[PDB]
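Chemist: Got a structure for you, written out below as structure tokens; questions coming shortly.
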Amino acid sequence: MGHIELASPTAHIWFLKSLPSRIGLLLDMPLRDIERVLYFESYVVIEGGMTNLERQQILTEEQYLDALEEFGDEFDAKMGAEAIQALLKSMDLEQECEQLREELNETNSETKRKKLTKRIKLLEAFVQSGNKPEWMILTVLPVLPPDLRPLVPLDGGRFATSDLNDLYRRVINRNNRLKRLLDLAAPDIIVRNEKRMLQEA
Amino acid sequence: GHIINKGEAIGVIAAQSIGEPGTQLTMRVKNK
Amino acid sequence: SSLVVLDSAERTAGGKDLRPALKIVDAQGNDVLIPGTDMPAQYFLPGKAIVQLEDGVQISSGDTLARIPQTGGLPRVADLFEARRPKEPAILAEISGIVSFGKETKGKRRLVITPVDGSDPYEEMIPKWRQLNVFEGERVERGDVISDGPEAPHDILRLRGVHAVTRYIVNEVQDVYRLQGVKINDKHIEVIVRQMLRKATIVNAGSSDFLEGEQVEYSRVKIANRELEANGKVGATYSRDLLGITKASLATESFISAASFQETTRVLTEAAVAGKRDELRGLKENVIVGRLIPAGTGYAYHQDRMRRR
Amino acid sequence: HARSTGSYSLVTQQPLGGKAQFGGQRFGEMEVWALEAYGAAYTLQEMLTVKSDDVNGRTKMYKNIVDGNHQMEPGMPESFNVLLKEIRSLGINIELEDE
Amino acid sequence: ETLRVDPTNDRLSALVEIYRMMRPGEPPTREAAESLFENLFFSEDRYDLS
Amino acid sequence: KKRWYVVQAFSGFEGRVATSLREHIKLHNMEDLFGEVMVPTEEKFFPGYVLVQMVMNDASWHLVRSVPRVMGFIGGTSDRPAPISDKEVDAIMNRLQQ
DNA sequence: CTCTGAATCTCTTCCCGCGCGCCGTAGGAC
DNA sequence: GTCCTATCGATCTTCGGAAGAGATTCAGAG
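Here is the structure:
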């Protein structure tokens, strides 16, 4: 195999949109709202410190432009997959489980005791494996060994349209642009364009 | 006709035994 | 005329909570008893009822006080094994003793069961338009039928047990083949049921290390129990629970065989965050990796390999 | 139509299918349940590896048959290694394990 | 009964609801909304019972 | 005061988008609502984006999105799309000057 | 004020083989 | 005519699937 180094973190679609979301469930954050971060529709707030803001709590760009001057930087909020990666990295995972397995008893409410039983299972599964939550987010993307996706010629000098090689081609083009526009230091709106187009590729 | 042999794959025999006639269905006082 | 008794849908709590009644009466204030009975001969009227027997009529034993006027081929087996609940699930009673009303029909009716001893306050929301086989005074059991309509295996398992659900499923599937003249030995259906109810749901974790409630493969809890019982510590208790095959396969304990069936991106990610591990017991996994199946001739080899051990 | 040996596909080494190509008949899914329903395990092992997919074993088999030795070395099919890499081409580390 | 479901007040609030139900993420706008609504039913480029 | 905005075009038809944009300005004669139109070029960043000195009315927004072969603005939202920054405009003009 | 009921949305599944037949990146710029 | 780069960043993907199940959204109220 080989790999691609992505110019940013990137969420793996599977864990974003399985039965529940493994991302969202682990975070206690609704699927639509992490997608609202990951396709760059809103910020998400982290390490909120001495300001009136919560632990995840997506805030619109209006509502960030608020906080940018109602507060200084005694908090943070980010956008795109880096922000989710930070949130997952923030997981004091066992301590959250030890709490939640007690907060289980804090009501007899069937309508969450069970989807909480799910969440307290999940946390303990991430604990008992060797796994760590940030790995839901890609950073090196492996590429399939080439013989499994051969570009065979057909009737005369034409290659068979060999689908994956059109998909990796999309990725790598976008990544080439994103490395460029990062190092040439583009403004937020431009990089949020290419970063959206890369995640969407 | 004798008792089953240890090791026989009875599960797969049963699922097939239900399915084989599955084409033959349709999808649409008397005496003292 | 015979009078129409009002429906709870045609009249208010000032008619609903006034639930109509036909107690048989004497100036003694109570009827001549059945030996060992305290109950007077109080009787009652449901909705829609037709009543000819107004006040001051002398009633005989056996007189009607009143009267109340009132599937497929293959799918009816496919939806049997998948254990889908029917459209019209007969309400089956639970625990024991005697019914009562709870509170009357608005939004829906609510009705009750109260035992000979123990937990009296069991109550249930009940549909109005399924006419009731009992009213207020009727001796009842877990599994007595409170409406008509077809049953639902989830509840049969809860109320008459695994043996009773086998007997149900074998009958109600063979009634399709016998109708169309096909013959199948009954054991080949039990072998599917055997698989449908391989999972169990923990009620007491006891001293065992399962979660305080958990769903587990039944063999796994049973093998933990047998040794813990030999240790004399409190074993776990559970209900077996009946999954339909389209789900009881995805719940196999071994991701390759499930993932190669259907819903692949579910199974192959749910298993991946769990970091799950597969021992390749069973057939379909050994076919995938192309080795002797542990069946038939290949079972006898896996057995000799496992015996010289 | 009949085939002793001839072409194999590139992505996974199973035989081609056709008369317009000198193809091998599909021992498809239902046939495998049919073998499993006899006790027949060695037949199946062969049919889906030595006769089919195992890039070593089929050339060792062929030579053992011309030698008339009537014995096989079964290995592990290369289409299954294709699967592993196609999963490992997702960020999913699947791997073979030893004990 | 339908007027008991109805969230609209009058024409414009309905055109708002139309444009937001049909093209979510585009802005409703008085001059812009009709360039949806008329091309749904009343313009030859996009509606035609032969 | 006219602030800057970013327009996305079909990448490759960018000069024709810029010409059609200037012509739509001089057709619908909102001449006091547009300053310039930048496509910077090195001996070509940015690959498919058109810079427009503009103000924000909904009429001028419909004007720029009614210019052909233009997808839309790129900002935080589509209600009130986003200008970029003072120092970012100054640095783009710096490298365009250099 | 949100707790168990129910309500609208999406996702996922749909026989096995087999044989033919054809058809198979575009648009723009230099 | 050949070589290189990109897709409606100024529309409109089809209504004639059912189902069947789940995730996710809302009632009448204690």
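Chains as they are written, first to last, in the entry's author numbering: chain G, 102 to 302; chain E, 906 to 933, 952 to 955; chain U, 1057 to 1126, 1135 to 1373; chain D, 1244 to 1342; chain B, 349 to 398; chain A, 6 to 48, 63 to 117.
We treat Cβ as the ideally placed atom computed from N, Cα and C, and that holds for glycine.
Contact criterion: CB-CB distance below 8 Å. Does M1315/D meet it with respect to chain U?
Modeler: no
Chemist: Going by DSSP, what residue range makes up the beta strand (DSSP E) through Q229/G?
Modeler: DSSP places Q229/G in no beta strand (DSSP E) but in the uninterrupted alpha helix (DSSP H) bounded by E211 to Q229.
Chemist: Between the alpha carbons of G1171/U and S383/B, how many angstroms are there, rounded?
Modeler: 45 Å
Chemist: Determine the direct distance from the alpha carbon of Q1367/U to that of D1181/U, and round the result to whole angstroms.
Modeler: 53 Å
Chemist: Which word fits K1167/U, buried or exposed, when buried means at least 16 other C-beta atoms lie within 10 angstroms of its C-beta?
Modeler: It counts as exposed.
Chemist: Beta-carbon within less than 6 Å of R1173/U's beta-carbon, same chain only, minus the 5 sequence neighbours each way: which residues are those?
Modeler: The answer, listed in chain order, is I1190 and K1192.
Chemist: Show which residues of chain E have a CB atom less than 7 Å away from the CB atom of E1279/D.
Modeler: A914 and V917
Chemist: For a test of the three-state rule: what should DSSP assign to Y1186/U, helix, strand or coil?
Modeler: strand
Chemist: Starting from the C-beta of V44/A, find all residues in its chain whose C-beta is less than 7 Å away, skip the five residues before and the five after it, and write them out in chain order.
Modeler: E19, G20, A23 and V69
Chemist: Excluding the 5 residues preceding and the 5 following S1303/U in the sequence, name in chain order all residues of the same chain whose CB lies nearer than 6 Å to its CB.
Modeler: Apart from sequence neighbours up to five positions away, the residues of its chain that approach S1303/U with a beta-carbon distance below 6 Å are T1265, ordered along the chain.
Chemist: Determine the DSSP secondary structure at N1295/U, reduced to helix, strand or coil.
Modeler: DSSP, reduced to helix, strand and coil, places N1295/U outside both helices and strands of the structure shown, so it counts as coil.
Chemist: Leaving aside the five residues before and after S263/G along the sequence, list all residues of the same chain whose C-beta is less than 8 Å from its C-beta, in chain order.
Modeler: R250, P251, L252 and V253
Chemist: May I have the straight-line CA-CA distance separating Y1282/U from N1324/D, to the nearest angstrom?
Modeler: Taking the straight line from one Cα to the other gives about 34 Å.
Chemist: Please confirm if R123/G has its CB atom under 8 Å from at least one CB of chain U.
Modeler: yes
Chemist: Which residues in the same chain have their Cβ closer than 8 Å to the Cβ of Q1126/U, if we skip the five residues on either side of it in sequence?
Modeler: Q1195
Chemist: In chain order, what residues of the region 917–932 of chain E put their CB closer than 7 Å to some CB of chain D?
Modeler: Taken in chain order, the members of the region 917–932 of chain E whose beta-carbon sits within less than 7 Å of a beta-carbon on chain D are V917, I918 and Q921.
Chemist: Rounded C-beta distance between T1169/U and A1065/U? I'm assuming under 8 Å.
Modeler: 7 Å
Chemist: Are the beta-carbon atoms belonging to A302/G and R281/G less than 8 Å from one another?
Modeler: no
Chemist: If you draw a straight line from the alpha carbon of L32/A to that of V89/A, how long is it in whole angstroms?
Modeler: 17 Å
Chemist: List, in order along the chain, the chain D residues whose C-beta lies closer than 7 Å to that of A1336/U?
Modeler: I1335
Chemist: Anything in the region 241–257 of chain G with a Cβ closer than 8 Å to a Cβ of chain D? List those residues in chain order, please.
Modeler: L242, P243, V244, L245, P246, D248, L249, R250, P251 and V253
Chemist: Using a beta-carbon distance below 8 Å, is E1321/D in contact with chain G?
Modeler: No, because no Cβ of chain G sits closer than 8 Å to the Cβ of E1321/D.
Chemist: What first and last residue would you give for the beta strand (DSSP E) that runs through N1268/U?
Modeler: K1263 to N1268
Chemist: Helix, strand or coil: which one does DSSP assign to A1312/U?
Modeler: helix
Chemist: Do the CB positions of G1161/U and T1178/U come within less than 8 Å of each other?
Modeler: yes
Chemist: With a Cβ-Cβ cutoff of 8 Å, do residue 51/A and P87/A count as a contact?
Modeler: Between 48 and 63 in chain A the model has nothing, and residue 51/A is one of the residues in that span.
Chemist: Determine, using beta carbons only, whether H29/A comes closer than 8 Å to chain B.
Modeler: Not flagged as an interface residue toward chain B: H29/A, since no C-beta distance is shorter than 8 Å.
Chemist: For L1121/U and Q1108/U, what's the separation of their Cα atoms in angstroms?
Modeler: 7 Å
Chemist: If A168/G sits next to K179/G, beta carbons under 8 Å apart, how far is it from one beta carbon to the other, in whole angstroms?
Modeler: Contact doesn't hold; Cβ gap of about 13 Å is too wide.
Chemist: Can you list, in chain order, the residues of its chain whose CB lies under 6 Å from that of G103/G, leaving out five sequence neighbours each side?
Modeler: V244
Chemist: Using a C-beta cutoff of 8 Å, does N274/G count as contacting chain U?
Modeler: no
Chemist: Under 8 Å Cβ-Cβ, which residues of chain A neighbour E374/B?
Modeler: Taking a Cβ-Cβ threshold of 8 Å, the residues of chain A close to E374/B are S97, in chain order.
Chemist: Along the alpha helix (DSSP H) that carries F1265/D, what are the first and last residues, could you check?
Modeler: Neither: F1265/D is in no alpha helix (DSSP H) and is coded neither H nor E.
Chemist: Taking Cβ positions only, does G94/A come closer than 8 Å to chain G?
Modeler: Residue-level contact check: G94/A touches chain G, since one or more beta carbons of chain G fall below 8 Å from its beta carbon.
Chemist: Give the interface partners of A381/B over in chain A, defined as CB-CB distance under 8 Å, in chain order.
Modeler: Going along chain A, no residue has its Cβ under 8 Å from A381/B, so there is no contact; the nearest lies around 12 Å.
Chemist: Leaving aside the five residues before and after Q13/A along the sequence, list all residues of the same chain whose C-beta is less than 8 Å from its C-beta, in chain order.
Modeler: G67, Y68, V69, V89, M90, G91, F92 and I93
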